[PDB]
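Participant:
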Amino acid sequence: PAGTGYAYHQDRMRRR
Amino acid sequence: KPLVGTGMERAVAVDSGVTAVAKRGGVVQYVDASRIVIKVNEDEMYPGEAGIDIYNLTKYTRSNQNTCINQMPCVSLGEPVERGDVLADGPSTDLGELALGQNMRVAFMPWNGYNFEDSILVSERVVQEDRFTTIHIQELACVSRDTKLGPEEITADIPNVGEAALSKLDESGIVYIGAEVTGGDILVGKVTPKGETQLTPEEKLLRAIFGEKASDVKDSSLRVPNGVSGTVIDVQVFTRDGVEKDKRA
Amino acid sequence: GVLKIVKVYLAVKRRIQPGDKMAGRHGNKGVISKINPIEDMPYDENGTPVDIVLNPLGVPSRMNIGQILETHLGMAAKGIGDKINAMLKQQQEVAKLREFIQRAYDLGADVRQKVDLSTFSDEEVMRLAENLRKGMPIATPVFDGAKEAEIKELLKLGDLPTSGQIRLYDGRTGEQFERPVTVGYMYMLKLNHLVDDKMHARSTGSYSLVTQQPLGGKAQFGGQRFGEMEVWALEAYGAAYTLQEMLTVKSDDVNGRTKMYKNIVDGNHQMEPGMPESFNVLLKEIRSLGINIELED
Amino acid sequence: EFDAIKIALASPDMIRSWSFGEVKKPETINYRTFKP
Amino acid sequence: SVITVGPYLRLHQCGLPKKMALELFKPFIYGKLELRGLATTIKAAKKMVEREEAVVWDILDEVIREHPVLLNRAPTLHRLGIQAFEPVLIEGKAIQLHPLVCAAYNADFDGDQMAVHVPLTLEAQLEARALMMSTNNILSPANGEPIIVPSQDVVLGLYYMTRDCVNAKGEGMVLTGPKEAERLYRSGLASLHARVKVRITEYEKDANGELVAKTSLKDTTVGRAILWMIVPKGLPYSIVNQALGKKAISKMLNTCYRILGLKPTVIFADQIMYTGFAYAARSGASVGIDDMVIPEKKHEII
Amino acid sequence: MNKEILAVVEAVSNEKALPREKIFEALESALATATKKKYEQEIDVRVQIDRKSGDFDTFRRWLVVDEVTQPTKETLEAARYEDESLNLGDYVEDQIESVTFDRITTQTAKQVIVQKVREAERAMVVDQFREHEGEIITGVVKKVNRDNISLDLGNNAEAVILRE
Amino acid sequence: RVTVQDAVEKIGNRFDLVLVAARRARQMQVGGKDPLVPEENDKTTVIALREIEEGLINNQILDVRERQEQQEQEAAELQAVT
Amino acid sequence: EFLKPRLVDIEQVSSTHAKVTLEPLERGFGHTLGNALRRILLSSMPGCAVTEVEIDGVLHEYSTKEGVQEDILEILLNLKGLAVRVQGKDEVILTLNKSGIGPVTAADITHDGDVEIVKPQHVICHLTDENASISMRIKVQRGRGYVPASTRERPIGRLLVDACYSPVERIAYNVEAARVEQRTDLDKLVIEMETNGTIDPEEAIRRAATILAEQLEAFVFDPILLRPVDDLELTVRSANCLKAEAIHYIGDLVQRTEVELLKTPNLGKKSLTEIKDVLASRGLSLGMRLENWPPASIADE
Amino acid sequence: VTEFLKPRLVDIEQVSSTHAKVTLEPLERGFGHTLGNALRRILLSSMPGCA
Amino acid sequence: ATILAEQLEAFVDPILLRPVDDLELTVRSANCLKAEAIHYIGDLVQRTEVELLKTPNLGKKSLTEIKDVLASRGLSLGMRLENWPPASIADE
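Order-wise, the sequence lines are chains A, B, C, D, E, F, G, H, I and J.
Under my numbering, the first residue of the first sequence is numbered 2, with each subsequent residue one higher.
Under my numbering, the first residue of the second sequence is numbered 65, with each subsequent residue one higher.
Under my numbering, the first residue of the third sequence is numbered 104, with each subsequent residue one higher.
Under my numbering, the first residue of the fourth sequence is numbered 27, with each subsequent residue one higher.
Under my numbering, the first residue of the fifth sequence is numbered 2, with each subsequent residue one higher.
Under my numbering, the first residue of the sixth sequence is numbered 6, with each subsequent residue one higher.
Under my numbering, the first residue of the seventh sequence is numbered 7, with each subsequent residue one higher.
Under my numbering, the first residue of the eighth sequence is numbered -13, with each subsequent residue one higher.
Under my numbering, the first residue of the ninth sequence is numbered 514, with each subsequent residue one higher.
Under my numbering, the first residue of the tenth sequence is numbered 24, with each subsequent residue one higher.
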């Protein structure tokens, strides 16, 4: 949840 | 040899055990790449046990670090030798001195970046003279264990092969002495058992012809590990007592 | 429970190649980097190419100044050897060989050697010169060695330049290097850290049994350890998919890597991630205690 | 797929729910053949 | 495998042996072989690369081309110890590694070894090209200092090139450009350090993104004009007018990065390294026993 | 012997009326002559096959001639040492082989022995054709090839029909 | 291809560059779409970043084209049904 | 009007090495031709070295033979240094037989009618007993450069040595000033080579100049086949000769060989001349092979 | 033994008419330097012309 | 290139004749033929193989060696010479 995966974790944290 | 040594080379060469130091001095009688015969002088000689010494040199054999511990004879024929003197040079020796590497023409200059941090740049004149060409020896073992469905087979008689599967093996599985192999050929052919099942009523004529009763087998032959070439110089076969010696043993 | 043991001795002959390690006797290491042709070598105004071109910049920092004195004294030794080869190739009688070998063996201060060739009797001198024609060996004991003036006087016995430096031409351009360079003979050793014993590569080999990760080593056909500090160095960039396939697809997850292999041989280029199987091993080892670890939701 | 990892103590009912059979005998394997 | 130099490289690419390349890229080669139609089943392709026929090397040069690899020196301490290159295939068994990049890895060439890793998926190839490429790591993350500073041979080649002596061939002659400065050095009519009025055209970008040409006669040397043929447009001539040790060449690359950005600084770092190696080779800068001059006053001081 | 030479020959489901000793020799050549090509010795081959045991042997020829070519299988003046007992032209064998001939192709019997069994099936089908050699006969075509149609018939025999 | 500097000049995040170029390369490789710039037998990654440098692709245009070419498919299905 | 170099003096000062001399040269060409001919002579000259050795009682090259004080490996190195000239062959097989106490020199080889040893005092090995004899076969061939054993043996008795096909050792040019011919600023190029006796020096400088002047020699869907046979400019009989074999396009004529058309009497004697006139443009009947009809440019869209 | 690899110039990638970049391939190993050096010394040292 | 090219235009049966001992086979194979006072293989080609087989000076292994030598078809091919010399073998 830092690099390229920060967009993925934004998406997963938004979709809860 | 070292052109610039310290004179300490002869102590390290003679006082180690790689050279063949003469025990009693005298006159050489027969030099060979295998053996060296010294005839002992009469002012050094026992009255009984008439005495001319034979030095059996140690030819090409494996060291611990996979180098090639050789001994070369460095004396001529008819040559006098004194007590306490080298007869056969060993590995990295020369005339009783200690020659580890080789001495080459060096220049200190930056040459177009190819020796940037610590690198070394070498002419093809060095590799053409075959002067760093070191000789290594690898030992490859293959055991015939004892498992279930029966013991194993070393007899080259195995399946799943090709003219390229055993064109270098003899009639009993073991590779020849002298066959220059590649990386991934077969040196020792070895087949083990798999399923027991029973006898089949299809191959009846064939079972009468050979008399074999296995009939299905596997494949676990020793192979050269992928990458190394070589030339098979020496084959040893040890047999646990009771087992039938095959034709090559 | 063994029937017979067959031992076979392969005898490889390993020559030299870019990647081996050579070194002198003073700490001047080095990976040999390019095996040039004969023509490209810097030659001098006699014709002979130099064999090895080192780097000068390793001398003032790594303070091993002994290799340059060894180089100059080796050039002196080979100068005496070349003069013996010249006086013997012309088929000269033993008198001139006796003269020159005696002058090359006296040559110094109060020394220990003090040899004389007047008790060698005209046949050993020819065989001693047969052994000296590839160079004259010189002993230099450790802390009582050959000083600078003795090296200069021995470089004066041969017709070499006094400073040890010959001007050298270039092989490519054929035009002279400015500021004449140091040549000589150094006694260099090949070390047994070769390059076709370290080089290794693995696409897909065998896998370990308890944790489904690749095996370790070279004899076991294994893969290189993507260690912990490399994981930190990929967290330090923003590389996130590279680390995900570097520790789920390429390494551990078995269904993930078979999906990956089918997808690579079909051109797809896509990963189905899954879970590391060694994390399930961590769950079984923590769970085998009295501890109840789970996975929620 | 899943959020947080939860750790807690293991009840004897929880350990019997993990399990698939009581391990009685200590005898590892046959050792002369191949069977367990 | 063991690393070695290979100074012909551009700093986004590294040398990678053919044997390691055919082993690391077995599935890509299998996929390429199955696409063409040369074989059918997977077995056939594994026999083809086990035999290494004449057609799989073109397949290998067509799977390498734009596919970066992660080189990694074994004690990785900071993030500049994993960098992504593009392979250039090597007849040999040693990784050829571009020299400037060595100062990032703390890699000399005294027996070192490095690991190569292949980004398999497509997002990982893009992360290797867009985040971890060696052109992208030209500043150390600990500070603002450039990490692609020219290390040791190349600063000697520059320091011998841009210097001067009070008399040489072609002292105080006048030259109509840097091109004939290099032509006078090559033909054998002047020396590499011989002070000379040249006419150089430095481009100062004093407007808002517009490069204004100013041409003038600088009292300089021959070597400073030859090195001016490699400097990009925006830097002033006074960046090469001095003697150029190591601190000066580091701030040369730093001022190039602050003014002209990334791409001229990458291509100018390569041209610095090439001209440093070439004129250090032409310099013949040895070391002798006479170079260490003993003071005559040393014995009286003792 | 391998204590099994009077039973595998007499299986005898499909090769009883077919040659038993020849099938034994062919299986022996598969277990042997498979991936060794024996040697380059340009001479006439002769396999000698046993019916009772099943096992076989490999003999070389000498091929009595009045000529010099095929020189490992090459006269009457040399037959004078045999007291003129050889006549002109014969294939009189006077050599053998040393226990080798594909000390390979052992377990592999799904392509070797299976291949020879397929050859024996083809031979017996040609023998079935030899008992009529051509007749008014019906068939049922099974495969649809280009400008030819493959026909199945009884007792596993087949045919094909040409488009012209 | 050497530098990706202008591909960050047009997408300022340098992490959204990787998502947009990966989405674009997945559309060009498996989905079978033509490149909008003429290639030189480059791989799909460099063609993706080469389309980013021209400016004719970013995340806005990719969402516009996915919504329009999903509405086109569902419109074709609805006009085939009714 | 550049002055041209001509060979003037070939001073064969010893048996191995000589000093050829080029004169005159304009200034600048001395170092150019000197470095160029030096680099060609060291690079690629035809030598006559050795490739294979088969000692009689020796299986592999690491063994030892009873009665010779050197190993078989040292015998291979001493044969690798053998300096031999061949005259009218590609490769040649030399035979060696020697028996008795003493050295086996290089003059003990049974020489053929064209092989010539240039240094007969070369020692190979030392026999060291009264009945202990070597008997070997040596294989000597032409070549160029350095061809090692790892790049390129079928029985187990052959032994492969490395092959240094290179006759020269040391090429040194020394440019110097030139006297009269009544013009100064001219140069003399004096090249001292160092041969091992297998190559004449004027032949070496001639082959080097030939190689370099050979290197500077570098700079010092068919519309007729797709069209019908009747669309050709020739008469209808020339088209009908090909059309008698059910051919409508000239691509079908290019698919078949001219020899195959000449083996059919449907074409006539004048039709052969018309076919030659059509093939003079080289658009048809060029001996090609198609898949059936279509090339890649002839694709279906 | 005499028939080498003989090159031909594969492209003349030129900028404006008084500047060019001419490549040559394939040359035998070590001949790139001797032809580059020969053509370089001939062009740079001795050409006919007027000034 | 024109200047440099103009500066270089001033430069640019044996098996039967051989002895029996010279054969690759062992000395016994040569000595079998040499027992009948034969020194050259041309003398072996002058006599028939049947005439050699009618003499017990040759052995069983010598017959196999003779067959191995005749497999190359250079010797023992059943020829007839004048005495020694063919026309190509002429005295000069």
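Backbone N, C-alpha and C define an ideal beta-carbon position, used for all residues, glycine too.
Mind pulling the chain E residues with CB within less than 9 Å of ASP48 (chain G)?
Facilitator: Here the neighbours are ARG66, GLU67.
Participant: Following the continuous alpha helix (DSSP H) through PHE382 (chain C), name the residue where it begins and the one where it ends.
Facilitator: Residues 380 to 390.
Participant: Using a cut-off of 9 Å between C-beta atoms, extract the partners of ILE394 (chain C) located in chain D.
Facilitator: Those are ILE33, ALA34, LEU35, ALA36, listed as they occur along chain D.
Participant: Ordered along the chain, which non-local residues of its own chain (more than five positions away) have a Cβ less than 6 Å from that of residue 1 (chain E)?
Facilitator: This structure cannot speak to residue 1 (chain E), because chain E is shown only from 2 to 303.
Participant: Reducing DSSP to helix, strand and coil, say where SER217 (chain E) ends up.
Facilitator: Here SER217 (chain E) sits in strand by DSSP.
Participant: Under 8 Å, with one C-beta from each stretch per pair, do the stretch 153 to 172 of chain E and the stretch 261 to 279 of chain E reach the 3-pair mark?
Facilitator: Flag = yes, the stretch 153 to 172 of chain E and the stretch 261 to 279 of chain E touch.
Participant: Would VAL13 (chain F) pass as an interface residue toward chain B - the criterion being a Cβ-Cβ separation below 7 Å?
Facilitator: Yes, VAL13 (chain F) lies at the interface with chain B (some Cβ there is under 7 Å from its Cβ).
Participant: Determine the extent of the beta strand (DSSP E) in which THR174 (chain C) is found, giving its start and end residues.
Facilitator: Segment 169 to 192 is the alpha helix (DSSP H) holding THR174 (chain C); no beta strand (DSSP E) there.
Participant: Out of C:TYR208, C:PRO121, C:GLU331, C:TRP335, which one is the CA nearest neighbour of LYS217 (chain C)?
Facilitator: Taking only the C-alpha atoms, the option nearest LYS217 (chain C) is C:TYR208.
Participant: By a C-beta neighbour count over all protein chains shown, 10 Å radius and 16 as the cutoff for buried, is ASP57 (chain H) buried or exposed?
Facilitator: Per the 10 Å Cβ criterion, buried.
Participant: Which residues, in chain order, does the stretch 333 to 360 of chain C contribute to contact with chain B at a C-beta distance below 9 Å?
Facilitator: Answer in chain order: no residues at all.
Participant: Within the continuous beta strand (DSSP E) that includes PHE64 (chain F), where are the two ends?
Facilitator: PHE64 (chain F) -> beta strand (DSSP E) spans 61 to 65.
Participant: Determine whether the beta carbon atoms of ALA194 (chain H) and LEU23 (chain H) lie at a separation below 7 Å.
Facilitator: Cβ atoms of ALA194 (chain H) and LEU23 (chain H): closer than 7 Å.
Participant: Check for me: the beta strand (DSSP E) holding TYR94 (chain B) runs from which residue to which?
Facilitator: Here the beta strand (DSSP E) through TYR94 (chain B) covers 90 to 95.
Participant: Give a yes or no on whether the minimum CB-CB distance between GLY562 (chain I) and chain C is below 7 Å.
Facilitator: Not closer than 7 Å to any Cβ of chain C, the Cβ of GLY562 (chain I) fails to qualify, so no.
Participant: With three or more C-beta pairs closer than 8 Å as the rule, is the stretch 86 to 98 of chain H touching the stretch 162 to 176 of chain H?
Facilitator: No, they do not touch.
Participant: Figure out for me which residue from G:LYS16, G:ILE63, G:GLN35 has the closest Cα to the Cα of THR51 (chain G).
Facilitator: Closest option to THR51 (chain G), Cα to Cα, is G:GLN35.
Participant: Output, in sequence order along the chain, the residues in the stretch 27 to 55 of chain J whose CB is closer than 8 Å to any CB in chain I.
Facilitator: Residues passing the 8 Å Cβ filter: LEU27.
Participant: Alpha carbon to alpha carbon, what distance is there between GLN55 (chain H) and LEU121 (chain B)?
Facilitator: Taking the straight line joining both Cα atoms gives about 12 Å.
Participant: Enumerate, from N- to C-terminal direction, the unbroken alpha helix (DSSP H) stretches of 4 or more residues contained entirely within the stretch 203 to 284 of chain B.
Facilitator: Qualifying alpha helix (DSSP H) stretches, in chain order: 268 to 274.
Participant: Alpha carbon to alpha carbon, what distance is there between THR243 (chain C) and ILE254 (chain C)?
Facilitator: Using only the alpha carbons, I get a separation of about 11 Å.
Participant: Using a Cβ-Cβ distance under 7 Å, would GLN126 (chain E) count as near chain G?
Facilitator: It does: the Cβ of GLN126 (chain E) has a partner Cβ on chain G nearer than 7 Å.
Participant: May I have the straight-line CA-CA distance separating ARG70 (chain J) from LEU81 (chain F), to the nearest angstrom?
Facilitator: Cα to Cα, the separation comes out at about 16 Å.
Participant: Name the residue from C:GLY377, C:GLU397, C:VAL286 whose alpha carbon lies nearest to the alpha carbon of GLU27 (chain D).
Facilitator: Here the closest residue by C-alpha is C:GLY377.
Participant: Out of F:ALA39, F:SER103, F:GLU33, F:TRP67, which has the shortest C-alpha to C-alpha gap to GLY59 (chain F)?
Facilitator: The candidate whose alpha carbon is nearest that of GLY59 (chain F) is F:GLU33.
Participant: Using alpha carbons as the reference points, say which of E:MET230, E:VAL6, E:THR266, E:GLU35 lies closest to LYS94 (chain E).
Facilitator: The shortest C-alpha separation from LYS94 (chain E) is found at E:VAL6.
Participant: Would you list the one or two residues that DSSP bridges to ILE227 (chain E)?
Facilitator: Answer by DSSP bridge pairing: none, since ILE227 (chain E) is not bridged.
Participant: Please list the segments of the beta strand (DSSP E) lying wholly inside the stretch 122 to 161 of chain E, counting only runs of 3 or more residues, in order along the chain.
Facilitator: Whole beta strand (DSSP E) segments, 3+ residues: zero.
Participant: Comparing C-alpha positions only, which one of C:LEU392, C:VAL105, C:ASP400, C:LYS132 sits nearest to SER183 (chain B)?
Facilitator: For the residues C:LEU392, C:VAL105, C:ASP400, C:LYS132, the minimum Cα distance to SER183 (chain B) belongs to C:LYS132.
Participant: Assign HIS137 (chain F) to one of two classes, buried (16 or more other C-beta atoms within 10 Å of its C-beta) or exposed (fewer than that).
Facilitator: The residue in question, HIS137 (chain F), is exposed, as its Cβ has fewer than 16 Cβ neighbours within 10 Å.
Participant: Taking only the alpha-carbon atoms, compute the straight-line gap between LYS258 (chain B) and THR113 (chain F) and give it to the nearest angstrom.
Facilitator: Cα-Cα distance, rounded: 14 Å.
Participant: Does the CB of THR18 (chain H) have a neighbour CB from chain I at under 7 Å?
Facilitator: Closer than 7 Å to some Cβ of chain I, the Cβ of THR18 (chain H) qualifies, so yes.
Participant: Are the beta-carbon atoms of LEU233 (chain B) and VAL225 (chain B) separated by less than 7 Å?
Facilitator: No, the Cβ-Cβ distance between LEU233 (chain B) and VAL225 (chain B) is not below 7 Å.
Participant: Tell me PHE302 (chain B)'s beta-bridge partners as DSSP assigns them.
Facilitator: In DSSP, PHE302 (chain B) forms a bridge with C:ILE108.
Participant: Which runs of the beta strand (DSSP E) fall wholly inside the stretch 55 to 113 of chain E and span at least 3 residues, in chain order?
Facilitator: As far as the stretch 55 to 113 of chain E is concerned, its whole beta strand (DSSP E) runs of at least 3 residues are 70 to 74, 83 to 91.
Participant: Compare the beta carbon distance of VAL284 (chain C) and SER287 (chain E) with 7 Å and say whether it is the shorter of the two.
Facilitator: Closer than 7 Å, so yes.
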